[PDB]
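Heads up: the structure comes next, in structure tokens.
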Amino acid sequence: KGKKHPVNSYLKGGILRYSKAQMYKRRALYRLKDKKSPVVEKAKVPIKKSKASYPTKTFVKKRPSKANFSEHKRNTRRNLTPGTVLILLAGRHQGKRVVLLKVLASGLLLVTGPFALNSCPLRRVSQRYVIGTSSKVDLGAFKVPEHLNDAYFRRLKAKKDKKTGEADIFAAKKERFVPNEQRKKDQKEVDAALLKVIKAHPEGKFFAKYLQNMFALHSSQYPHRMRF
Amino acid sequence: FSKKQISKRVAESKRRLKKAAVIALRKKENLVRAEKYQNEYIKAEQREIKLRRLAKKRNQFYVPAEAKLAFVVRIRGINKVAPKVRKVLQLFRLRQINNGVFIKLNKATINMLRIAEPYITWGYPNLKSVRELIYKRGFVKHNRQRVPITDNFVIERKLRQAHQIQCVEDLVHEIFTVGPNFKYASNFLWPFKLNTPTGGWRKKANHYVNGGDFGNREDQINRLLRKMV
Amino acid sequence: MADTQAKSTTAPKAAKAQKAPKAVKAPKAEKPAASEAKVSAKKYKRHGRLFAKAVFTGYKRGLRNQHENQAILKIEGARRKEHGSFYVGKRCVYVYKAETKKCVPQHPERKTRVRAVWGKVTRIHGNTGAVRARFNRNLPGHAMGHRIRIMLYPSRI
Amino acid sequence: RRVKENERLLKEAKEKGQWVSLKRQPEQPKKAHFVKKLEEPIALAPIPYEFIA
Amino acid sequence: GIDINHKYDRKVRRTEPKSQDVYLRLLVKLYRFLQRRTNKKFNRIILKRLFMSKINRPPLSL
Amino acid sequence: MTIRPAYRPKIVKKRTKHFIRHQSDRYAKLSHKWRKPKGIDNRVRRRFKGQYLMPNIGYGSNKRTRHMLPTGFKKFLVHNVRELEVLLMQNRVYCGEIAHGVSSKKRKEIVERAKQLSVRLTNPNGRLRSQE
Amino acid sequence: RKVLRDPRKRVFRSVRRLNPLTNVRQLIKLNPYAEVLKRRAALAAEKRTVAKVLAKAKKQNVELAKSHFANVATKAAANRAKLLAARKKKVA
RNA sequence: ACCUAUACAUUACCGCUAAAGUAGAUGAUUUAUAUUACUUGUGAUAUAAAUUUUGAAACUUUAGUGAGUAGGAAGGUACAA
RNA sequence: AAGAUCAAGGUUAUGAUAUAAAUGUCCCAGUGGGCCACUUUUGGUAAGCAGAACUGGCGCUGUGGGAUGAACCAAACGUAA
RNA sequence: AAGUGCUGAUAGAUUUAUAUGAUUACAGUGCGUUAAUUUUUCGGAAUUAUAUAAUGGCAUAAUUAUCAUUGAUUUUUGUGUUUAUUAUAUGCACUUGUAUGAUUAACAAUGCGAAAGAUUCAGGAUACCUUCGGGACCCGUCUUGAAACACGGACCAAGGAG
């Protein structure tokens, strides 16, 4: 049930693995199966299976040889630790601070205002959009976005129109807007637990009644010596 | 059976194994010979350090063995250059500004570097510097054409007849130590062509004494050269 | 003193929060025993936060080679090379006024009487905290002493 | 003089087994030099009052 | 400041016979295949020896 | 619409401006058709900054983008039907470009044949015409 | 065909050098002895991290369970395993 | 510390020079398999799939370099027959 | 004394290099009016003057620099980041 | 002096990889040798317990060169002891793993090809206009040097000379 290494990632060329494999080393027990099988069948009764020569037969359209798949190396985060209260410096929620809930497999952030205070939804935003401020909300109470995954907020649906299948349709479905009930319920539970932790800290720019206010680096104030 | 594919496909699996195995045996030769030279390099630093330690304790001044091996890099033109020096620069192979070759410190060479002085800044290159130059910047002269490296194997490529030299690092040993095949080894390298270092003093054409650059700045080149690569 | 600098330099990293190391004080001041490890800087001016108040007041030039593909941008709050290094990376926009529309639906629908040219900040031009900037278009230079605008997206931690 | 000397060095080396190296190398930067006082430490610096027209 | 990529880099010698002759070039093409494919200098110089101008080719008597 | 010729790297036109010949803006006798300044006084020949650009080889386009129209199709001067038939196999490198000397009655055949072959024509609206 | 030496292939593929001290792979592929030294001084970094635990631990109490301590605990497990060696080795 | 030439470094790209191969297609080569021979594992053969009809007086492939009057050579373009 | 026949010889007997070099044909153009500077100098008080020695430029050379500029400095220019 | 460990930013990223040429190498992971200790304490992970070769460090011995011999250093070789380190004895299957020598794409969003018709997006010193910076003195010519307060040429067409 195992045997591993390669601490090459620190070094960066090197060992542990070669050396230990040698200590362990067999000199005995080299016997193997591993069954291949095709299913290229002329199974003929009359059932007669084939396939023949479909075509890769020269309708010479020169089409660009597919550049295959770079590695899924796990997106090493900056010390944006969930729940750091951080600034969305960009895109409609421009200069509203929000609390981090999670890291997802897409690389990018889960952000909630809390919703009820600073009007920011269960909303996902780039690691780069964000200045990660020193202020920390206790992220232990949460249902966690184990339940909110890439797929969950993926849109149910931008059909090009009225569900079904080719009904010669009409201008305007709901590309951004109904809203969905499943998504409301998800917010309200998470936000409620946010509000309990967030109320412990005193009013001003950005935790509870602190949350509402819309950011001020006021005239004569400094984005560079703000050690956010 | 013989000339046709029946024997030619057999000369896939006979020789995919053979070629791969001898490449693998020569990989082990590469590793052993490389480790050996690094033992020699580390020891070489210790010998110098210990000679100094033992002397000073005995009151004695052991003044340490005068330096072999210089690296010469071109600050100057070609245009507005006197012909004596123009000729000397071609022979060095230093064709363009900031191209640099290694040149064996001999009584022969040092006089050419003197007439070449305002045109060149030179010093004693550390082993780090030689290693940084060959692996990134080091090209090969093969029938004119200036050819990669980076492979061990392409350095084995010629220099295995100059025994014990089957590696990229083994070429730099030969340069560094001024080994007997230095003529061919230095030749094999086509002049390394090196950006610019770092804030390289306005006065430029003054001897190193005057704050210049140009001169045998000795050991202070190691700072310069490492930055210029 | 090279050792002492090394010991002193462990301490601010400790405070940051974390990796959890060294403390070896540093002041943020009451401190029980520290006016030790120094009063900031500083070096200012402002905005900062949609937009550093920024000036396009130049192009990166030779004495008489105009070389406009990169621009000099003075970030107001950046006096110093350190401060302008905060802005290295940030996206920039110049929003400016037009008589005439042009652009219809893709994102919003902009009535394009307001035009925007989008750029990124690059490396630190100034001994005095001016910064280089590349823009996707490049800014016409009718923008000179015009206020250009630098959003703090992309900020690294 | 060289032919005759080279032949002597060749013969001498071959009878010593190894090694020849008879090619003329110009004066290299030499050696780890130890100076013993003996006969007394150094030091004395120099100069100058060199006025005098 | 290339010291010195002066000259000569134009060199000397015909890659291919200076002749319209369709026959002649077929022999060159034949021996050119025979050159590297079978080693040996007889292929190497006969390839060259077809390149040859009419002078340097002067008639060999019986 | 019409499917573009064989995956090009973006056509760098690298200097776009017609070289125009020195002082064509001074004189209508000196034609915009380029003629190199050989002359001893030329500031253009000594390539002083601000005296335009002399066609120097390094404005030269990549040998891949050589000939391609930006909808891909290189120009084949099509005299008639049989000439069109050459580019049946070579849809994806060439376009039929109906020579100006060709009459409308034959053009209708050429355009019709071109649609069958599915090879691009650059100019159909050629000689069309609310006319007899 | 009876005399026919060698046809074979290569298209001669065109330049760009991987510089090892930004490249993991090219450090090892060429040579090694960087590789040998790589392990020893990576171990050194771990050793200095272990003494920094001990310096913080003596002063302040501290704890001691896992973040700093997992390097200490594995280091101590390698010395109890090495100690098991010295009595067992004694003519095999 | 900073600024900065067509210099210098790297890269794409032009050209010129260099350097190497390309020219068994009743054939060759790759891929998958079934059978057969030997052996662990390989080849032969059969079958199925795929690539290959090269201005081989050019292409693929490669590297180094380019001021330029006088002038020389090289290769095109336009014009009338 | 040459031509020279025969036998003996560890390592080829300073150092970098060779962009390959040598050689022939054309009897080929273009040139036969030079100009400037470091250094050295003659005539002349001297000259942006007349004339050498060595070497580099300019002549045929912009670009960056000397505010400016044929020549001085830095540098020799395919096209761009 | 150590890739000991590590972050930011910048520009580039030919990818016709079968036009008539390679895709090979390594690594991870699973497979079926065991044990012991430790950490998490679940899944697992590490180190120690073999043979072979090399290397350093100890002791001893010989040579050879050298600073001077109190003692060191060098090149070569052998031997004994112990220890550490490194490589070989680590095959086969699978693999969106690393590179394969110009390795930019995983992943995703948006515009949109919406029959003809035709929206929307991106991109452009065409002609020419505008707005900003910088640069641009008149060609031909003889001449050492031409923008010259040197000479021909108002402007344009067509004849027009190795």
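Summary of values
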read-out	value
Eligible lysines near D:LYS37 by straight Cα distance, threshold 25 Å, same-chain separation 8 or greater	B:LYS50, B:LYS56, B:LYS57
Folded to 0 to 90 degrees: helix F:104-117 orientation relative to chain F principal axis, Cα	80
Computed label-point distance, nm, for sites C:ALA33 and F:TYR59 using a 7 Å Cα→Cβ extension	7.6
Highest-MSF residue in chain A out of A:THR133, A:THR81, A:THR56 [GNM, Cα springs under 10 Å]	A:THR56
Cα gyration tensor category, rounded, prolate or oblate, for the protein assembly as shown with a/c compared to 1.5	rounded
Average other protein chain Cβ within 10 Å of Cβ, residues B:26-38	2
5 angstrom amide H check on B:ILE120, placed H, neighbours 5+ away	B:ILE75
Those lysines that a straight Cα-Cα span of less than 29 Å connects to B:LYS4, excepting residues fewer than 8 apart in one chain	B:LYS14, B:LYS18, B:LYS19, E:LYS29, E:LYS40, E:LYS41, G:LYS2, G:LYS9
Modelled FRET efficiency - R0 41 Å, C:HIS67 with B:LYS104, Cβ distances, 0.05 increments	0.40
Segment A:1-105 - percent relative contact order, Cα under 8 Å, separation 6 or more	11
Sites E:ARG57 and B:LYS8, calculated FRET efficiency, Cβ-Cβ separation with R0 45 Å, nearest 0.05	0.65
For B:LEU69, distant residues with modelled amide H under 5 Å away	B:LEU105
Shielding by partners - mean other protein chain Cβ count within 10 Å, residues of A:213-219	3
On Cα atoms only, tilt of B:10-57 relative to the major axis of chain B in degrees	30
Per-residue ³J(HN,Hα) for segment B:169-180, Karplus 6.51 cos²θ - 1.76 cosθ + 1.60, θ = phi - 60°, Hz, x for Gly and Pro	7, 6, 5, 5, 4, 5, 4, 4, 7, 6, x, x
Loop-exposed trypsin sites (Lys or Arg not before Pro) per DSSP, neighbour cap 11 Cβ within 10 angstrom, longest uninterrupted part of chain G	G:17-65
0 to 90° range, to nearest 10: angle between helix C:2-14 axis and chain C longest Cα axis	70
If the convex hull is drawn through the Cα atoms of chain B, its volume per residue in Å³	165
Chain G - convex hull of the alpha-carbon atoms, volume per residue in Å³	257
Label-point separation in nm, G:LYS89 to F:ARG82, each point 7 Å along Cα→Cβ	9.4
Förster radius 35 Å - calculated FRET efficiency between G:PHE12 and G:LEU43 (Cβ-Cβ, nearest 0.05)	0.20
Separation in nanometres of the label points that stand 7 Å from Cα toward Cβ, at G:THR74 and C:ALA11	3.3
Average beta-carbon neighbours from other chains, 10 Å sphere, peptide C:44-53	6
Hz values of 3J(HN,Hα) by residue in segment A:177-182 - Karplus curve (6.51, -1.76, 1.60), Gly and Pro given as x	9, 10, x, 4, 6, 5
Note, ³J(HN,Hα) from phi for segment D:47-53, Karplus 6.51, -1.76, 1.60, rounded to Hz, x at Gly and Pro	8, x, 8, 10, 6, 7, 2
Helix-only mean residue ellipticity at 222 nm for chain F, each DSSP H run of n ≥ 4 adding -39500 (n - 2.57), per residue, nearest 500	-4000 deg cm²/dmol
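For neighbour counting, all protein chains shown are included, and Cβ atoms are generated from backbone atoms with ideal geometry for every residue, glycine included. None of the figures in this text is laboratory data; all of them are computed from the coordinates on show.
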